[PDB]
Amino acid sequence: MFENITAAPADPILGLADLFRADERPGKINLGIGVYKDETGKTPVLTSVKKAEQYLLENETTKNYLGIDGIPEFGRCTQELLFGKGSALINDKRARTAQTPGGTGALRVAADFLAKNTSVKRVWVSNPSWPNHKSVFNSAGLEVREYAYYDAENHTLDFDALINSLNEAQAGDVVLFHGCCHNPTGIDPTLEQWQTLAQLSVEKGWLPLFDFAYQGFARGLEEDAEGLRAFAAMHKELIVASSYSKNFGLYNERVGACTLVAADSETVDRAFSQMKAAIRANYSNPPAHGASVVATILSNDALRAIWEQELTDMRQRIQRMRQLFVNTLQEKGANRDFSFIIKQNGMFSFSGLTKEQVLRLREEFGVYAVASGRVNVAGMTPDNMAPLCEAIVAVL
């Protein structure tokens, strides 16, 4: 039976880590997967996290199953982070949050939930976008359409093309938005643009689905949440899939949340029971460790102050690297203007390189980037910056 199975190609992002760990030429540089690295080129576990893990080691007395929707405090803390402490959505209890296995896990339960319990037939995702978005929704039988987003000429948001592109998005259709730090462009809407979209969304009757994987990597925790909060203030229903993989450096512990919002408590509770059913038929209940760490940190003011500082330091080093990247490109002889990089938010930067050039950097200079030209700025250091820029320049 397994003979008739056709091999699947490598993941355009995770496949990368395999090739990288394979070639043996010295000096190779990895700018693929979206993981943070400090100035030494390592992805350390945060201090606040190590602290929380010791607390857990000392006070944990059982690994007994969590409820299908996870740790109660985890759910509460994520809603405050998303909508704000005094938020009306919370006070009126219009939101229920399920702890999931990473941001990916949250998108999948949201997809299963929609496919099996609603009349949703189509999901609109930005072009370009995180590659796995289409795979997740397709796995639930949902048709995925794309809408315009990036102005490849001006290196800005093509807002007119975006609006025009979504003209055919029907009422009942789901529209996917990146909370902040758009992957892979690094270009997010302004608050005014978010407000325009929120209004457009209600009038057309779209079901907004927010992918929030980098809260705090643009400007700050609250600031990065402005777009989402502009929608939540005007929408009856909406879904937000968030991830703690990045802002807590907990990649492999798989910590995420799928937050469901309905018109009133009675409706959200009813629909949430169906979401739990979807979870039960998938992985049953969520892994405790990562989520426990997070709930511990967000609940203790001492740890919370620590973590916030560590997050601030990560954001800052990334921005510092962005300026260093542009300066060194010039220094090494690039005639093309890369100033636009300084305007992009988050870990990534859409370089502009072509699939041909990205392939040259890899096989010829041992520099790894994703085939779409996306390069991970969080992976650049004062030590590989020069070799890196010299490679890019040689391929331009």
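So that the term is clear: the rigid core is the largest set of C-alpha atoms that superpose within 1.5 Å between two forms. All residue numbers are counted from 1 along the displayed sequence.
Novice: Figure out for me whether 28-36 or 48-56 is the more displaced stretch in 4 other deposited structures of this protein, taking RMS C-alpha distance from the shown form once the rigid core is superposed.
Specialist: It is 28-36 that deviates more in 4 other deposited structures of this protein.
Novice: Could you settle it for me: does 143-151 or 106-114 have the higher average Cα B factor in the PDB entry?
Specialist: Comparing 143-151 with 106-114, the higher mean C-alpha B-factor belongs to 143-151.
Novice: Do the C-alpha atoms of 335-343 or of 64-72 have the higher average B factor in the entry?
Specialist: Going by the record's values, the stretch with the higher mean is 335-343.
Novice: According to the deposited entry, which of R254, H178, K85, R315 has the largest Cα B-factor?
Specialist: Of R254, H178, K85, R315, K85 has the highest C-alpha B-factor.
Novice: For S265, does the deposited CA B-factor place it in the lowest, middle or highest third of the chain?
Specialist: For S265, the deposited C-alpha B-factor lands in the highest third.
Novice: If you rank every modelled residue in this chain by C-alpha B factor, which third holds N183: lowest, middle or highest?
Specialist: CA B-factor rank for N183: lowest third.
Novice: Taking the chain's C-alpha temperature factors as the reference, tell me which third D92 falls into: lowest, middle or highest.
Specialist: Its C-alpha B-factor belongs to the highest third of this chain's values.
Novice: Give the position of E203 by CA B-factor within its chain, expressed as the lowest, middle or highest third.
Specialist: For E203, the deposited C-alpha B-factor lands in the highest third.
Novice: Lowest, middle or highest third of the chain for the C-alpha temperature factor of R280?
Specialist: It belongs to the lowest third of the chain when residues are ordered by C-alpha B-factor.
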